[PDB]
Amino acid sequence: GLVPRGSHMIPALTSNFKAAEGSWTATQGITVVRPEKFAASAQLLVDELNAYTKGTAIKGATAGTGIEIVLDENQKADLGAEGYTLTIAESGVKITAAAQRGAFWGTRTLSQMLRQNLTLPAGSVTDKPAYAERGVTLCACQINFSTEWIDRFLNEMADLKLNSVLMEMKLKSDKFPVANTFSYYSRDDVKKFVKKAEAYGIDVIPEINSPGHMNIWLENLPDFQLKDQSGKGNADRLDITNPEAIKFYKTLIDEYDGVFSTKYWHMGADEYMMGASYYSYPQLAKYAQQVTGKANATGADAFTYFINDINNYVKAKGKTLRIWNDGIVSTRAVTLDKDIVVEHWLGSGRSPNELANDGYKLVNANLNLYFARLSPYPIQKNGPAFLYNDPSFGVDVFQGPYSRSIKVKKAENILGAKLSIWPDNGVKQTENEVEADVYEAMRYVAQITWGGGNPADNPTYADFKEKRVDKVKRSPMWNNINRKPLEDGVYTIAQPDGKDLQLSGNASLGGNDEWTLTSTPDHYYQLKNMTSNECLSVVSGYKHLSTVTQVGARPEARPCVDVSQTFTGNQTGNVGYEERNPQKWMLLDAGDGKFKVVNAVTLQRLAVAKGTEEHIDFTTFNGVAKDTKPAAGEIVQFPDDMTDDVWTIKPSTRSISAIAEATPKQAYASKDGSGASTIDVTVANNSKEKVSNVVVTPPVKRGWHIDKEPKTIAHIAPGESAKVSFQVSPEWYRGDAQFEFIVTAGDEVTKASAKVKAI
């Protein structure tokens, strides 16, 4: 049994679990009884129950015994839209709610209990959320999040009763293909994860940030860029005075409408000038004074007029507008509409307390809950303890100027709070690192937004962590991929029924070539070409946030580096990410030995170009025109929706194998040879036929005395091995030195490398 009742769950229950006589045990005999409209919401619970009870017979059905889910509108006043009652009796479990959202949250509580013990104590509890929006900002912006990551993230949020995610992202545009710079998302891909969110009660709100931070949309559209008095544009800012540019944005709004089901639209409205001055663009002031009919209209007025126009437009679609609070500026002939939700993050401009007093609905998008890959925030550096343990902190505490905190007193106008996940540099961290980084903060934010504060039985953060965070494992359905399909080793890489893949400087469809896969702690792979001694990477091409976003970008060979470390929190010791992470690859089991190969941070698939693919990156980028079209047979990276190319990765078949090891690992210049390292190279016969006349050829290297002559082994039988040694001594060379030995047997050729430090 789980005793004390409900002391090991997140969020904690908001009222006490009343104990009753007896218990109830989940077995493979139970059923999840639920109405058909709730089938999709119950599927997660069904799958978890089968995981928990180590079987596969549990189903969701409209009749049966076990766990009953009842949706009863009559309970709307007592439970609200998200409250539930959980009842456990010897006879079974009953979850009651007024709507789907609340019943689902009930299944999360139930699952977390069964996650710890199959036998549950009898009793009942009513659980209700303190705030209506319990949120995350996910900037899938400029850089990309793999669809698998998002699917896992929806599971992460769902199990914690988080119900709101703002996803700043690019949806592949049908009408404006010239603006489809990667990152973008397939429409079907978004429909898929938006559908999962609907089943889990998660409100997915899209964001196209405007009228600033629009580099991703206007790079290839100079005519919609705001221009200086000298006529110079800048893809960062949309010309809000141009009619076709407003039409362009509004078309994007429409395009998003067909895949997002939310009632909200977030136009961003980060400060338009981004630190510049409106006077450098007098056509904004002139547009303002024309549209208001007032001569005293300012540039900030035009910014607010834009905000209001988009407000009316989304309102005509029955939607509600959302903006960041730093988009609320001082005006003259235009006043900001009041039916817009304000997400407050910056301690500047109109105070959040006065905004709430004036009727605005507020989200606490608190800067203390920020995550970034480039410059880590305090919550990453130190964990949430400095907030949890701060009794002057809570959902109702917003940030103010000069480090002051402001308690918004009209709490009823506070919708809730959210944490924020920003990239800033797409290669400093991988997405799987991000997924580890937010673990504690997701639980903390879930706790304070559902409960309205800390659990009463966890005085300090250390207690919350020991009794809850460390005890509540994730749902067994969180993980959705084989994180290490292939073990570390030597493999061949080729197309299904085609040539193999080779790489020296550039990569190409070669033939007869070995690779070495080395798994990484964040569940990626390093692919080392064992002939060229260089690693497959992606570093050359058009970029956003130091990450290659050019479609069709050309993988290339790069010096192999250390890929054994992963970095979260403070990222202590995180150097070399510019080479490390472009070298890392996700390998997705495609069945039958085939594998989708996706770069870890550019998130595009290793592909064989066809000569028939089209994209803007093939013709121009940011006003500068240059043709990069891949020809048929060229090796490239491609978004998921422009390729089915998978890759056959299989352990090597070669009949000969060579291994070279030196002794010592360090060598020093020597006139008697005492610092001379002897590199023993040993050849091994893998298959079943006597190999003869095996030639081992040593390398030749600047500043080293190496035995010049090759050695030959007369015979080696199947499953045997033979050994020959060459001596190396440095002269004026110092530092790391790779030694490549060539082994040739008949038509077959392989190499063996060794490393020696010259001191």
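Numbers for residues come from their place in the sequence shown, where the first is 1.
Undergrad: Determine, for stretches 463-471 and 234-242, which one has the higher mean CA B-factor as deposited.
TA: Going by the record's values, the stretch with the higher mean is 234-242.
Undergrad: As stated in the PDB record, which stretch has the larger average Cα B-factor, 499-507 or 360-368?
TA: On average, C-alpha B-factors are higher across 499-507.
Undergrad: Highest CA temperature factor in the entry: which of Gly64, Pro699, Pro35, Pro718?
TA: Result of the comparison over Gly64, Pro699, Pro35, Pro718: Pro718.
Undergrad: Tell me which of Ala625, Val445, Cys139, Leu415 tops the list for C-alpha B factor in the record.
TA: Across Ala625, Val445, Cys139, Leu415, the entry lists the biggest C-alpha B-factor for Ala625.
Undergrad: Would you mind checking where the Cα B-factor of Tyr52 ranks among the modelled residues of its chain, as the lowest, middle or highest third?
TA: Its C-alpha B-factor belongs to the lowest third of this chain's values.
Undergrad: Which third of the chain holds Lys723 when residues are ordered by C-alpha B factor: lowest, middle or highest?
TA: For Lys723, the deposited C-alpha B-factor lands in the highest third.
Undergrad: Hey, what third does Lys708 fall into on Cα B-factor, ranked over its chain?
TA: Middle third of the chain for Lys708's C-alpha B-factor.
Undergrad: Please say which third, lowest, middle or highest, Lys59 falls into when its CA temperature factor is compared across its chain.
TA: As the PDB entry reports it, the C-alpha B-factor of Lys59 lands in the lowest third of its chain.
Undergrad: Comparing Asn16 with the other modelled residues of its chain, is its CA B-factor in the lowest, middle or highest third?
TA: For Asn16, the deposited C-alpha B-factor lands in the middle third.
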